[PDB]
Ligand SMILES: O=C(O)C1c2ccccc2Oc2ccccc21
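Here's a solo chain for you in structure tokens, the form solved without the named molecule.
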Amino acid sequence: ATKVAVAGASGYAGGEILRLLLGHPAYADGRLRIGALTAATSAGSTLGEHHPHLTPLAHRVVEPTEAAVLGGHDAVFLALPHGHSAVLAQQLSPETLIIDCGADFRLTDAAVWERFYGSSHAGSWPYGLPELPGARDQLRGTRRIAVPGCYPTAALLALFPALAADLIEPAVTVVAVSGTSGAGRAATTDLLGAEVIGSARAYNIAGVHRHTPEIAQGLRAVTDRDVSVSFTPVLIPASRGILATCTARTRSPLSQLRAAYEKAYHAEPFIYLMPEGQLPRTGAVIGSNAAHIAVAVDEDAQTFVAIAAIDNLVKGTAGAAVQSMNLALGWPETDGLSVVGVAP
């Protein structure tokens, strides 16, 4: 009865929305209808030209991207770059579920948006990260979703408990490796297979990366102290995956950092704490909506280290969208989002 359209369907995100939408129970029983699949430039093509893993929808024809095609859908995924979701949302009937993978609606501070993105703040919508305290309540039956960035999802999951229990200091370093699908499907020379194979490199360093404020915005959402974030992302030879290594100055004990995480997550179905003597690997969460997380303390340096492993495309993008979609239409949150990753 609920028909959904996808803007950006030819992208990596839109291909991952459509993969999950195809595995959904409400798509098996026909509750959910895959409607119009639109793209910016390849309007006229079949889906199987872009996404040959989506063979069920291979025949589909990709449509232009305007409200003339997105009307009369109940949900609408925008897997768009920024600046487009803002104008496009305003064009759709305010009763339709807009779920935005773009950044346009993530930020609460307008002057912060302006410094990192260079367009005008559209405004804030419910953040698509159910585990974040106070977010699940906000998304229940909501008709707007701003899905998080991939890196902030890894960083908040790794760091927020220990800072929410005031067991670490509100200055955190984050260094996260990520696979090449976070860069997008836009072809450049830095994303050529020959350039990324057999090479790592960090980029947009020393605070300029746009996720930096997102990490701090979500860290400020469980603390009263000023929050400082040094963010460094590294590109590695992998197609999916994000290993976030999170550090902060601490003084509290391990048994208290530990016990605070399993209280935060012992009921969270998608967040998994590694058994003692295990560390997360991106490999283990790939294709799933899970996050493998380990905590430890560096004593000779008085530092808390949290490590976190998500899939940039699932829990960092599309999974988060469908998860928070489920809460938006009252369906079971884990409707269609497995915790078993495809390995090796």
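Residue positions are given as counts along the sequence shown, with the first one as 1.
As for the form solved in complex with the named molecule, it is not shown, yet the points below apply to it.
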> Does the named molecule come within 4.5 Å of any heavy atom of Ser178 in the entry with it bound?
Replying inline: yes
> At the 4.5 Å heavy atom threshold, is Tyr151 in contact with the named molecule in the entry with it bound?
Replying inline: yes
>> Whether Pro213 contacts the named molecule in the entry with it bound should be assessed with a 4.5 Å heavy atom distance threshold; does it?
In response: no
> At the 4.5 Å heavy atom threshold, is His73 in contact with the named molecule in the entry with it bound?
Replying inline: no
> Of the residues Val222, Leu235, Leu92, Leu273, which one places a heavy atom within 4.5 Å of the named molecule in the entry with it bound?
Replying inline: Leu235
> Given that the named molecule is left out here, which of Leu167, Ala183, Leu132, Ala264 has a heavy atom within 4.5 Å of it in the entry with it bound?
Replying inline: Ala183
>> Given the stretches 201-209, 265-273, 108-116, 158-166, which is the single one in contact with the named molecule in the entry with it bound, using a heavy atom cutoff of 4.5 Å?
In response: 201-209
>> Using a 4.5 Å cut-off on any heavy atom, which residues of 68-87 would contact the named molecule in the entry with it bound?
In response: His82
